[PDB]
Each structure stands twice: as C-alpha cells, then as structure tokens.
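Written out below as structure tokens is the structure these notes cover.
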Amino acid sequence: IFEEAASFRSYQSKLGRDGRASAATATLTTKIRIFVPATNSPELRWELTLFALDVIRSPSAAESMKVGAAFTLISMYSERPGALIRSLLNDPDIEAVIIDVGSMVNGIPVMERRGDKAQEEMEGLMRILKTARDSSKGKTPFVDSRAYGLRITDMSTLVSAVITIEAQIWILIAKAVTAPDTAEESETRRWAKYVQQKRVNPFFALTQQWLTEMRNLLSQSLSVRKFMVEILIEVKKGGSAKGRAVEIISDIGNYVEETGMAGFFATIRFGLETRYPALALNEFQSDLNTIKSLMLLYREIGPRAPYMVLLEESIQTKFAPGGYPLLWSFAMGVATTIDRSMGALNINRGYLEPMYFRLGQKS
Amino acid sequence: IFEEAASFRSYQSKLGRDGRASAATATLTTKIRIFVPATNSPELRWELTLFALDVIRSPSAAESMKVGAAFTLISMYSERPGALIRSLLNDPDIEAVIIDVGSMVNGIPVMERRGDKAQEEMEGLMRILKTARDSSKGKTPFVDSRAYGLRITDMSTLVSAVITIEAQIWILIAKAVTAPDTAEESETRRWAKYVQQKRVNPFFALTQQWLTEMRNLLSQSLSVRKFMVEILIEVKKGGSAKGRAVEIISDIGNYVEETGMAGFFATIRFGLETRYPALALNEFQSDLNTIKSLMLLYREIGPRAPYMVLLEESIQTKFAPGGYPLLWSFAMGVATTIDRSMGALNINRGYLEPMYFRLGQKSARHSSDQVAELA
Amino acid sequence: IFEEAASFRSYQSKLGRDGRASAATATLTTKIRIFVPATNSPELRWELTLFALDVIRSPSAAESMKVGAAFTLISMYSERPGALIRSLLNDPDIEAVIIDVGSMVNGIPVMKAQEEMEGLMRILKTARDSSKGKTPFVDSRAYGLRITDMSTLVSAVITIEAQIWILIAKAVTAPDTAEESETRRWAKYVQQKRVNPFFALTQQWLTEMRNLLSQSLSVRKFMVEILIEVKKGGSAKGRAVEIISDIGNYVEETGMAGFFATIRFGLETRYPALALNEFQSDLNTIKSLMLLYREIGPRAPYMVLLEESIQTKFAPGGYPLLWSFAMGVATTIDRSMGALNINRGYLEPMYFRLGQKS
Amino acid sequence: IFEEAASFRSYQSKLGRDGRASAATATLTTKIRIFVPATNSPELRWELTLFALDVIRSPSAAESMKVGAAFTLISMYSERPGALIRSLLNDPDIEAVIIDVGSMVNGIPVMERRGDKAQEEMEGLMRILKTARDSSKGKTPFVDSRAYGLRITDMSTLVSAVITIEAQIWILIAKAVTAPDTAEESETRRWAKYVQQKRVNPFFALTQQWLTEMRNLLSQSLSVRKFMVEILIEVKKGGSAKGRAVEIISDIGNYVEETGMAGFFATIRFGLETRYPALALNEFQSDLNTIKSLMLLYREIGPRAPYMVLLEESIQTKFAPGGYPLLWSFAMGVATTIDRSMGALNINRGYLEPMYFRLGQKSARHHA
C-alpha cells in the first residue's frame, strides 16, 4: 500500500540507469603528446623531471602541450614509462601519442630526429623554456637553488627525489577539484606528515610557484584529472605489496577518499549512525526513505565510489547533499555541535533549513 | 467486493494502452536541411559553429532552416556529426536531409554541394547572415567580442569552445518547454555552477541576446525538443565512460530529470512519503487509490519517464496533478509549510482545494516528544 | 593394434594448435596514410579517383604511399569511404592514418601543408612526365572527363574497382602469365554490361598495379579481408558489391591448387588403383588434412593470398603417391586440366603412369 | 574413409556462406526520380503513359531520367501506382524520389502540382519531349498512327491500352538480359500468342522502335531489372486474386522462370534424369558429387532461384554449367542427339569434353 510508494521512489531513482549508450555519442578525440623516459637511468630521470617542471612553469606553452607535460611528470613513477601510461590511461576524450626520448640532450624540451620542420619545433621549445625562466623571474623547480642544478646519477637519490616531487603532485589532488584556492593549509598539513615520517627527501622541496602552476593545471583540465584518478584507483587495488612510490600515493589516498562527497558521508556519520531522539521525528520520515534509496544507489554505482567528485561523474550530481535537505540540515546541526573538528567545513548552502538545523543543535 | 472497484479503476487506466497504432495516423513529414561537420578539422568546425550561431540569430530565415541550424549546433559533440544525427534522431514529424558540410570555406554560409543549380542559395545564406548582423545591431554570438572574431586553429581550443556553446544549449532545455519566460534566474544559476567547477571555458561565453533567441527556438519548435530529448535519453544510458563533452550533457541531465512533472513528484515526496498521521483520514481513500494507479501507470510508460512533459508525451495529461485534487491540495498544504525551498512553486490552480490545503497546513505545524515541542 | 598409430598421427596434427601467442612477438606497427572519401558530391569522388589512379601511375611514389593509394582505390564503393577502411581493416602489422580530403579539388593533390601540396604537385608532374602522357584509361577522353553526376560516377567507380579486382585473382599465385585470365574475366563483365566501357583501364596501369599487388603483402591482406567480408552475408549487394562478389567466385580456392587437385582428381575419381596397399599412408595423410582444413576455418578459401603458414600443411606435395596418380588421371581425362605444371620433385613416375594407365 | 572427402567437398561449398555483412559494404546510393500517375482519372493516366513512353523514346535524355521513366511505365498496373513501386522496390543501390503527378495538366511534360523550385524543370522536360519527337522523326509509341493520337477519356479503353503496352515491356525481360541480340524471333513469337489468345488489345500495338529502345534500357541497367525481378517474384506467388493485368504478368512468367540457369537445368534434364548406361562409368564420379553439392546449394539459395541470371547474383557463378565439364559435355551430347528442338542453343564453349561429346552422342543415338 504505502510500501508501493517507497518502492516506486526507488524504482524511479534506478530507472534507465541500465543499458549501453550508442557509439555515435563518442566525443571528438583530442591528440595529446606525452614525452616519456626512454631507458632505466637516474641520469635521464632527474634531467627529464627538471625539463617537465619547467614545461609546466612555461607561460609560452599551449594547454594541450601543458597537459602532456604534466602526464610526463606524473608517469616518472613507472619501471617502464610507456607501458605505465598506455596501461592505466583509460579516458576516451584524449588519444595519446607517446614519444620515447633518446637521452634528450636538446635542452628543456626533447631532441627531434623527424627532420627539418622539427628544427622550428625545437626552437618553439627553446622559446617556451626561456619564457618560463624569464616570466618566473629565475625561480627554478625547487625552493632551494642547489636542487635546480642537481643532475643526480644513481637510483637511490633518483627515487628519493622523484617520490618527493610526485608526493607534491599527489598532495594537490586532495583539493584541486574541491577547493582549488584555500588549498595551502591542507597541502602543507599533508607535507608535514610525509617529512616527519621520513618518507620524502626535503632537499628536493618544490617551489610554491611551481606547485600553484600544477594545482591550476589540475583544476582546469579534466583530461589530466582522469589520468590521475585512473592511477590513484589502480595503485589502491591489492594483489601486491607497494614500496616507496606507490606507498606515498596510497598514503595520500587516505585523505583523498570520499573527497567532494562531504554531505553524503556527514549525514551517515552524524545524525544517522548517531541515532538521536530526532530519529523519532515523523516529519523527517521521508528523508529516511531518501537516504535508503541513496545508499542502495551508491552500491549500484560501484567501483569509482570513493572518487566520484574527482572524476566529475554525472551520477554524482544525484548523490549531492541538498538532494536530501531536511536530514542534512539536522545532521549538520548535530555534527557542528558535537564534533570540534566539524563546522570549519563551509555548509552555507541554500538547502539548509534553520528550523531543522536548530533542532539538530537543540538535540 | 470493494476490491473489484479498485481493480476496475486500474483496468480503465490501462485499457487501450495496448496494441500497435494503424499507419494511417502518420502525420505529413516535414523536410528539414541539416548542414553538419564534414571533416575533423578545427578551422571548419569553429567557422561552422559561428555560421550556425548566426543562422539562429538571423531575422529573415525560415523556421525550417532554424530547426536544422539548431540540430547542427547540438551535434558538434560527435566525431562524425552526420552519424550522430542519423543514429539518435527518431521522431516522425521531421525527415532530415543531412548536407555534409563541404569545407564551406566559401564565406559565411555553406559551400554549394556540387555547384548549385541556383547560386541564389549561397546568396540566400548571405542575406540570412547580413540580416542577422544588422537586426542584432552588430552583437556577435559571444559576449566578449574578440571571441566572435577568433579563428580556431587547434583541437584544444575547438573542444574548449564547442563544450562551452553546447553547455549553453543544454542550460536552456531545463526551462525551454516548462517555463519559457522567467527562465533567466535558473539558467544563470546553472551557468554559475559549470564555470565555478571550471568544467566549461568562460572565454567562450555566449550573449544573452543569442541565448534568448535559442531559448525561443526551443519553445516554438517541437521537432527540436524531440531530438534534444532523444539525445538526453541516449547519453543517460550507462555501459560507457564519459569525458568532458558527454559529461556536461549528462551533468545537465541531473537537473533536467522529472522536469515539467513537478506536481506529480511533489505529491509523492510531500504528503505521501511524509505519511503524516492525517493521511489516515477517510476522505483520502479514493485519492490514495488514484495515486497507486498513477504510480503503476508511470512504471508502464517506462523509458521516456524522465522527460515526459518536455516530449509533449500524451500520457502526461493523465499523470498531471489535478488528477488527484484532494491528495494534491493536502500534499501542497504540507509541502509549503514544511519545506523552506518549496512555496516558490506557483500553486494558483483550480484543482487546489482551499479548505483541504488549510488542513494540510494545519496538519504540518501542529518517548519524550519534548524535542518536537521545543522545535 | 593399428589404432594407436592412427591416433598418434592425429595427435601430432593437433599438437601445439592450441594456446594464444605472447604479445612480445608482435612486429613493429607500420604507419600508412589512406586519403579517404570526403562526402556525397560526384565532383570530389571523381577527382579523388583520378588522384588515386595517378598515385599508382607515379614512378616516384614510395611503397607506403602506394599501399595507401590501393586502399583508396578499393574503398571508392562506399557510402562512407573512411568508415569502410577503418571498420574492415583488421591487420597486425599496420596502423592506418585516414584523412578524408575536403577541398580535394584544389589542384592535383588532395586538400606546413603548403609543402605537402607541392610534394603532391611533384608526384603528379613526375607521374605525367615519366609516363610520356599515357593516361590511366585505354581511351584518353576518360582521363579528362570531369564527371558531375551520381550516375556517371557510379558507372565509373564500379569500372575502376572491377579493374583492381581483376588483378587479385592472379596477383599472389602467378603475377606474370596473368593477361589471358584477366582479359577472360573482363570480357564477361563488359559483354554483360555490368561495367561501363568508357572507363576501361590501360594495360600499362594494370601491369604496374598487378606487380604492386604481388610484391606487397600488407595491401593484399586488406584486399582479401574485404573480398571475404563482402562475399558472405544475408544482405542485398548493389551493382558495385555484386561485381566484387562475382569476382570472388574466381578468387576462392586460388593458390590452394594442390589440396583441391587431389580432391577433384584421384579422390573423387575413386580409380580402382585406390584399393592398393601402398596408398594407406597417403589416405591417413588426407584424413589428417581434411580435419586440419576444418580447423583453419573462416579464411580457408584464401589461405594462399594470406601467405598463411598452415597453407604448407595443406599443400598437395604432402600426399605424393595419391597426387602423382591424381595428375596421371587428371591430365589423361580432362582436356583443360594438366596444363598446370605438376613437375615437382614429389612426382612418382610409376604412380603418374599408373594414373594414366587407370 | 572416402566418405570424409565427399563430406569435405560439401563443407567447402557451404563454408562461410552464413553470417551478416558489415554495413561498410554499402555502395554509394543513387537518387532516381519516378514520376507516378496521381489518381484514377483516364485523362491523366493516358497522357502520363504517352509522356513516359516518350521519356524512354528520347535520344537526348540521361540514364537517370530514363530509368525513372521505365519505372513509371511498368508501375501503370497499380490502383495506387506510387504505393506499388515504393512498397515492392527493395534494392540498395537506388534511393527513390516518387513524385505524384498533378493531373499532367501542364502540356507535353508532367506538370509540377505544387510548383517547381526552378521554373526550368518544366522546360528541361519540354526540351526532353521535343528532342524525343524530333530525334525519332515523328514516330509515336504505337505502330498504327491513330493510337499515337488517342487522348483517352474512359477506363475500358485505358486498361485495354495499358495492359497492351505493359505486356509488350514484359515480353522483352525474358531475353533482354540473357541475349539482347537474337532476341526478336522469340519476343515476336510470345507477342503473337498473347494477341491471338485475346489477352491484349492489338489496336494499341507498340512499335519495334519503342521496343528496341526499351530492350536496350533493360540490357544496360541493373537497377531496372532489380525492380522488374522484384515484381516478377511477387506476382509468381499464389494466394491472391488476379485481374487481366496480373494475369498477363504471370503468363510472361512461364517463359521467364529458370532463364539464364540453362546449364544447371540442362545437365539435370539431359544426362542426369536421362540415366544412360554410361552414367555408371568411374570417370563421372567427381561430376556426380558436383551436381549433388549443386542441388543442395540451389535449395539454400532459395526464393530468388528462378531468376538468378537476371539478378546477376554472385551464387550463379558456382551454378555456371562450366563447373561440371565431363557430365556437361556428355549431357549436351545426349541432349542434342535425342531432342530435335534442342541444339539450336549455341553451345560453343571451350568447356566441352570431347570424350563425353562423342560418348553422349554415341550413347543417345547409336546404342539402341
């Protein structure tokens, strides 16, 4: 009777989720160039990291090149650069061309053996590198200048450095897509942890100017975020121990999970799990039916769940906080009142109902 | 006994839903010209987008041309624009001729397909473009004028721009066929989101004058809305990753769902799911039986459900609130009282029953129980 | 008793048939440029055909360009030329780049690119000059025609395509001595009014293309893939696809000669000599071969054109006693046969005469 | 043992026949205009027939116009002529525009009911009609001149005439696409029959000049023959009443069926069914196995089978009597010796097997 209505609300929510979309809907494919470490030496890896930091620092490079640069920079993890990109990269809008450099002595960009027209390309790269240096007033990748010159020769120093720069990329993802400004407090807080735990090698500390330029590249590119989240999911999965490189990623992951699903988690933790007298209120009953439908929905969306926000996944919109407002306003009233850490989260949405929020605090 | 009556109400509701309609009912098919992206080159694609924005802006162009232009504009997504139209488009009133754009570097309009029998077509296009410029007092499609001039040279810039224009199509659908005036508030609110989220590239912002001209094209053409809703359903289906382009469509979808079925959902959410003790009042029985028949009916209508009103779908009339007056009026009286966001809905309809709604209000605002008393 | 031996022969034949090969074996993937159809204008379609004919006519074009030319030539049929190539092309050595030329009517070449157009110009000039002005068609008026309408277009396209497909029949079994057969097939299509004679293509061009087919495997792989694909299927085929399918009936079984000759002659002939003790090993061979043939499956009628390694096993040299007798019968009884050279080292004179004598 | 080989030959013959072809195989579709009789008014219908006869008779009209004309001419059967064409026409190479005529009130040409996008449409038509008259030196479609002028107003006369013209098209089909030279003897013989038997009204007889122009159109166009064979299959089926119209078609059918599958039939009729003692000879075995595979194959080809040759169908190559040369050479040797009517078919193919030719003759003629 009434049970049919509740079942029907659930039916509506899951209706048309099924099926496979007709192939013609495939969006116009963008060609992106990734220059990638050709061979297994710390010599190449250090120099190429310097190159890549500067490509991203350059004012003169176009966005299509800048994304590809960023992909070079955060593929330094892999034992076999080309294989790492090709095997994890799984986002349809972008079609990758991989260039494996022959120990590039060219300068900031690669060496080119394609011919006479590529001589202009190398000079475009030169202009890009010059403009990078000049526009940044001489600030190189690292905060402390010795690091900019370093040219390391051996594996142990290489991994120490690379893991340091990469951890500086991964500290960004935590706020890149969920608050791209105001980011510094959180990213420094995560930095403190990794240094205090002796995981990351502070001689290679990366400069605020470079970190902000990378943060901005993450915010403004979907294609980049897709690759990042692909790797982030892939290394999260078991069937193997992770040593230093993947371990730093996984560590950062504990901050990165659930990010930009704040509302959903908060209603579950505060209010729901807490079983306040307010659970009793009849008026908030429907809200309960809402949350039930949501939880079953969440289950059905499956593998991407902890990173929906970062993936811009549409089904994410449905999952949004003010989709279930009455319960949320009361869950916030409880959360802000009971937990000292909460309430520093900005909850200024039009979805908030003052009466219900006050009931949550009053409770 | 009483059970027979309830079963009979259900029988009436589903009677004649069955069967396949005789072909004689097919309405006279309208021939519509769609110019569509010929090749995968950003030079052609940027210019053709500018052409299409201007076709829709043109004061002298026929509705037949304008619909076809709108179809060009919202097929920019595809790797093969012709294939996208042909494969998704499934609406009987319109028969499409796809003129695959032949580079069309010939000027403002398309290039003449094989050498025109009458070059007046290119000159018809010229008139259309002139009239567009002149009538709009020189306002070009994009809001900041450099963008209107800018020839696009790479795929990167192309996708940035195309995503931007397409998003501007899809922000319209939300109100085009449900509230075709008063639209501004909502469409701006949705614009703010996509920009703030950095999903679509504000350098390519399109002018309020162009957006109102496209909003009006949506309002006044059924054939357009049919194609929009066909695509909106098709891309909603899973079994695929979506990157930025399809993701903007899909994202808009989550606002666009249930639109123009407001009253039906509102009785479900407020009143029914709310299950206030007052729901047990004897008068409501017939209304409850009504809602039950409606919910089972909704199920039966199936895949088109998320967009019934926008699709002008016939069944929609039956679904309309006013089909359950007592329950609806009670549903509103509660809703308006309990939810701060509601009540901004326009409830000036005859199907509203004042006395009963005052009962809805009166119900809504009326083992401790102390907490409820305090709040 | 006997049973172990028979089962062992079968074991050997099926041993190592199974499994899937490790990806490291994959040979370095070769980039080929396939300039493809632009759209539904006869103006573009005619000009692109002339471009492609001239690419193949050019003395200066490289192999990589020539393969891509051949792919343009045998895609001209389709409603969407680029889609036809991309969707049927299923080939482990080659990666296609396909760019449908828009304003292909800009000059001789299809429409930094300024260099490319001049590369094309050089190609076309050198083609004209080196050929001493001899046009692709047997009647030169065809080279100048500049066709404007669909009817003439399809008449012409069908005609050129049929002229490619005439070649395939002999390209990879005997690329010289081909003339007699390819003319015999041509006579049919013309007499039946299936191909429109104004567009007949010149011996000079046909020889140059026959040689290109013989010497390039990767092109022939694509051709035979399409030739198989359009041969099957419960669909209507237009004059265009119909001519391909028709040619198919000459193309099938070609370069599987031996396997067929022993089946047709000797085996199906069932000469009294088949009872003789000596045959047993050969019979056991053929059994293994028949079951093997089944296992090779969908591409079977064109193993030869595919250079398929399995082909070796099916070769008639495998069952030499029966084969020598198979020629001896065939050459004696069936007037047109036995003109195919059975002078191999495997010929056993006693058995060849026994075949004659039977 | 030996049974494996025979089964393998059969396997090869059926292998890869199955499955569904990828859409990329679709050939570039040609847009073809069919002007079609708008209503059941005899005034329009007579004039439209005259128009269509002249379209086909014109020396200056292009192939695209000529095929569309031929489609008008051989759709005149229908109560709803446009529906008949659109609903039976099922061949991928051609995409039809059907134009229903506005009572043909314009003049010599069909008159555009809703008005032309270009006013020259009417004139290009005028040029076509003029050139038709002028190039043919004034010869109207009919042999006997009163018929050329007739301008019919009544249903009875209309159907008498239409049936007569249609029958004269369908007489042609039988030979137009198997041997369009040598044709006249046969097609006159069939004409005489229908007239003598009072199935068609000889006052309306169509001239050798019109018939040759149509015969040539049939020879040279596949797309026309596709529509013709579609109709020829459709009206061959039972389960319907027929009027004079469908009856004439069906009558023609009895000449048209099996045509251009000559060899397949000839080996079945003569030699195989003939079962001469010589059938026991060891040499024949391969040929017999061939024919077995052919019979099973013929079954599998199915509904199009009575018209394979006319359809140019791929499968037909395998059926080509050249395929089974020993049996065929013997089958001709018997046939030519035993049936006085046979042997008038020209059988000068290099595929003739001397032993069987001498042996077939020697079986049938001098062996009892």
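Any residue in the stretch C:286-305 that's over 15 Å from C:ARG9 (Cβ atoms): show its pairings with residues that are of a type in the set (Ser, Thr, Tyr) and assigned to a helix (DSSP H, G or I) at Cβ separation under 8 Å, as long as the two are six or more apart or on different chains.
C:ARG294/D:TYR11; C:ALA300/C:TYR293
Report whether or not B:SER341 is over 23 Å from B:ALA364 (Cα atoms), in a loop (DSSP other than H, G, I, E, B) and either of a type outside the set (D, E, K, R) or facing another protein chain (nearest Cβ under 9 Å) (or both).
no
For the stretch C:70-84: of the residues being in a helix (DSSP H, G or I) and within 8 Å of another protein chain (Cβ to nearest Cβ), which is nearest to C:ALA156 (Cα to Cα)?
Of everything passing the filter in the stretch C:70-84, C:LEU84 is nearest to C:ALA156 (Cα to Cα).
Would you say D:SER219 is of a type in the set (S, T, N, Q), within 27 Å of D:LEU89 (Cα to Cα) and surrounded by 14 or more Cβ atoms within 10 Å (Cβ to Cβ)?
yes
Does C:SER214 meet the test of being in contact with a helix residue (DSSP H, G or I) (Cβ under 6 Å, 6 or more places away or on another chain) and either farther than 24 Å from D:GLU312 by Cβ or not hydrophobic (A, V, I, L, M, F, W, C) (or both)? Walk me through it before giving the result.
Working: in contact with a helix residue (DSSP H, G or I) (Cβ under 6 Å, 6 or more places away or on another chain): yes; either farther than 24 Å from D:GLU312 by Cβ or not hydrophobic (A, V, I, L, M, F, W, C) (or both): yes.
Yes; evaluated as a whole, the condition is true for this residue.
Of C:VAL230, C:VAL224, C:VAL190, C:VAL241, which residue is crowded, with 17+ Cβ neighbours inside 10 Å, assigned to a helix (DSSP H, G or I) and either away from chain D (no Cβ under 11 Å) or among the hydroxyl-bearing types (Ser, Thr, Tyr) (or both)?
It is C:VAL224.
Might you let me know whether the stretch B:210-233 holds any residue that is farther than 30 Å from B:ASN40 by Cα and touching a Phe, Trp or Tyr at 6+ places or on another chain (Cβ under 6 Å)?
The answer is no; no qualifying residue exists.
Taking the stretch A:1-29, which residues are under 30 Å from B:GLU166 (Cβ atoms), among the aliphatic types (A, V, I, L, M) and facing chain B (nearest Cβ under 7 Å)? Walk me through it before giving the result.
First, pick out the residues of the stretch A:1-29 that are under 30 Å from B:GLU166 (Cβ atoms): A:12-29.
Checking which are among the aliphatic types (A, V, I, L, M) leaves us with A:15, A:21, A:23-24, A:26, A:28.
Answer for the stretch A:1-29, where residues must be under 30 Å from B:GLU166 (Cβ atoms), among the aliphatic types (A, V, I, L, M) and facing chain B (nearest Cβ under 7 Å): A:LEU15, A:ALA21, A:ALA24, A:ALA26, A:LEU28.
For the subset of the stretch B:316-325 comprising residues that are of a type outside the set (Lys, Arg) and surrounded by fewer than 22 Cβ atoms within 10 Å (Cβ to Cβ), which member is farthest from B:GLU258 (Cα to Cα)?
Pass one, the stretch B:316-325, residues of a type outside the set (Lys, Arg): B:316-317, B:319-325.
Still in the running and surrounded by fewer than 22 Cβ atoms within 10 Å (Cβ to Cβ): B:316-317, B:319-320, B:322-323, B:325.
Values: B:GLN316: 12, B:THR317: 14, B:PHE319: 12, B:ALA320: 12, B:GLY322: 17, B:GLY323: 18, B:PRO325: 20 Å.
Only one residue tops the list, namely B:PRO325.
Answer yes or no as to whether D:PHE203 is among the aromatic types (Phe, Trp, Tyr) and under 15 Å from the mean Cα position of the chain (by Cα). Can you show your working first?
On the way: among the aromatic types (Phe, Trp, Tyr): yes; under 15 Å from the mean Cα position of the chain (by Cα): no.
So D:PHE203 does not fit the description; no.
Out of the residues in the stretch C:300-315 that are part of a helix (DSSP H, G or I) and away from chain D (no Cβ under 14 Å), which is surrounded by the fewest Cβ atoms within 10 Å (Cβ to Cβ)?
Top of the filtered list is C:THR312.
Restricting to the stretch A:85-110, give me the number of residues that are over 23 Å from the mean Cα position of the chain (by Cα) and either in a loop (DSSP other than H, G, I, E, B) or of a type in the set (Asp, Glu) (or both).
Number of matching residues: 10.
With the checklist (1) closer than 25 Å to B:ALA205 by Cα; (2) touching a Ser or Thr at 6+ places or on another chain (Cβ under 9 Å); (3) crowded, with 20+ Cβ neighbours inside 10 Å in hand, flag the one item B:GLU79 doesn't pass.
Just one mismatch for B:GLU79, condition (3).
Any chance the stretch D:162-173 includes a residue that's surrounded by 17 or more Cβ atoms within 10 Å (Cβ to Cβ), acidic (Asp, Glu) and out of contact with any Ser or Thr (no Cβ under 6 Å at 6 or more places or on another chain)?
Yes, the stretch D:162-173 contains a residue that is surrounded by 17 or more Cβ atoms within 10 Å (Cβ to Cβ), acidic (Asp, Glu) and out of contact with any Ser or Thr (no Cβ under 6 Å at 6 or more places or on another chain).
Go through the stretch B:121-159 residue by residue and tally those that are within 14 Å of chain A (Cβ to nearest Cβ) and touching a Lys or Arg at 6+ places or on another chain (Cβ under 8 Å).
Total satisfying the criteria: 4.
Could you please find all residues in the stretch A:31-42 being buried (at least 20 other Cβ atoms within 10 Å of the Cβ) and within 8 Å of chain B (Cβ to nearest Cβ)?
Residues satisfying the conditions do not exist here.
If you scan the stretch A:48-69, which residues turn out to be assigned to a helix (DSSP H, G or I), more than 14 Å from chain B (Cβ to nearest Cβ) and farther than 12 Å from A:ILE165 by Cα?
Of everything in the stretch A:48-69, those that are assigned to a helix (DSSP H, G or I), more than 14 Å from chain B (Cβ to nearest Cβ) and farther than 12 Å from A:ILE165 by Cα turn out to be A:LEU48, A:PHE51, A:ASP54, A:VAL55, A:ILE56, A:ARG57.
Under the condition of being assigned to a loop (DSSP other than H, G, I, E, B) and charged (D, E, K, R), which residue from the stretch C:11-28 is surrounded by the most Cβ atoms within 10 Å (Cβ to Cβ)?
Step one: list which residues in the stretch C:11-28 are assigned to a loop (DSSP other than H, G, I, E, B), which gives C:15-22, C:26-28.
Next cut, charged (D, E, K, R) only: C:17-18, C:20.
On the way: C:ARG17: 10, C:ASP18: 6, C:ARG20: 5.
Step by step, filter the stretch C:11-28, then rank; the result is C:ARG17.
Can you confirm whether D:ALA118 is within 14 Å of chain C (Cβ to nearest Cβ) and not hydroxyl-bearing (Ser, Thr, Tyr)?
no
Considering the stretch C:125-154 alone, what residues qualify as being under 27 Å from the mean Cα position of the chain (by Cα), among the hydroxyl-bearing types (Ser, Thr, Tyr) and crowded, with 20+ Cβ neighbours inside 10 Å?
C:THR135
Here is a yes/no grid of residues against (1) within 24 Å of C:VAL105 (Cα to Cα); (2) small (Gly, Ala, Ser); (3) not in a helix (DSSP H, G or I):
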position	(1), (2), (3)
B:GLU112	yes, no, yes
B:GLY115	yes, yes, yes
B:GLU121	yes, no, no
B:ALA132	no, yes, no
B:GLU185	no, no, no
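Contact list please: Cβ distance under 6 Å, first residue in the stretch C:62-87 and on the phi > 0 side of the Ramachandran plot, second residue in a helix (DSSP H, G or I), pairs at least six apart or on different chains.
Every condition considered, no pair remains.
For the stretch B:270-299: of the residues being of a type in the set (D, E, K, R), within 9 Å of chain A (Cβ to nearest Cβ) and surrounded by fewer than 18 Cβ atoms within 10 Å (Cβ to Cβ), which is nearest to the chain's Cα centre (by Cα)? Before the answer, list the steps.
Applying the first criterion (of a type in the set (D, E, K, R)) to the stretch B:270-299 yields B:273, B:275, B:283, B:287, B:292, B:299.
Now narrow it down to the ones that are within 9 Å of chain A (Cβ to nearest Cβ): B:273, B:275, B:292, B:299.
Checking which are surrounded by fewer than 18 Cβ atoms within 10 Å (Cβ to Cβ) leaves us with B:275, B:299.
On the way: B:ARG275: 32, B:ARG299: 21 Å.
My answer is B:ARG299.
Which is acidic (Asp, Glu) and on the phi > 0 side of the Ramachandran plot, of C:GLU242, C:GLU278, C:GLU307? Before you say what the answer is, go through the steps one by one.
Numbers: C:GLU242 fails: on the phi > 0 side of the Ramachandran plot; C:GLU278 fails: on the phi > 0 side of the Ramachandran plot.
None of the others qualify; the one that does is C:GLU307.
Going through the stretch C:244-258 one residue at a time, which ones are more than 11 Å from every other protein chain (Cβ to nearest Cβ) and in a helix (DSSP H, G or I)?
The answer is C:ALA257, C:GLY258.
On the given criteria, is B:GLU373 farther than 26 Å from A:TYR324 by Cβ, exposed (fewer than 13 other Cβ atoms within 10 Å of the Cβ) and within 14 Å of chain A (Cβ to nearest Cβ)?
In short, no.
We did not get these values from a lab; they are worked out from the coordinates using the rules stated. Note that each Cβ is placed from the backbone with ideal geometry, even for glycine, and that neighbours are counted across all protein chains shown.
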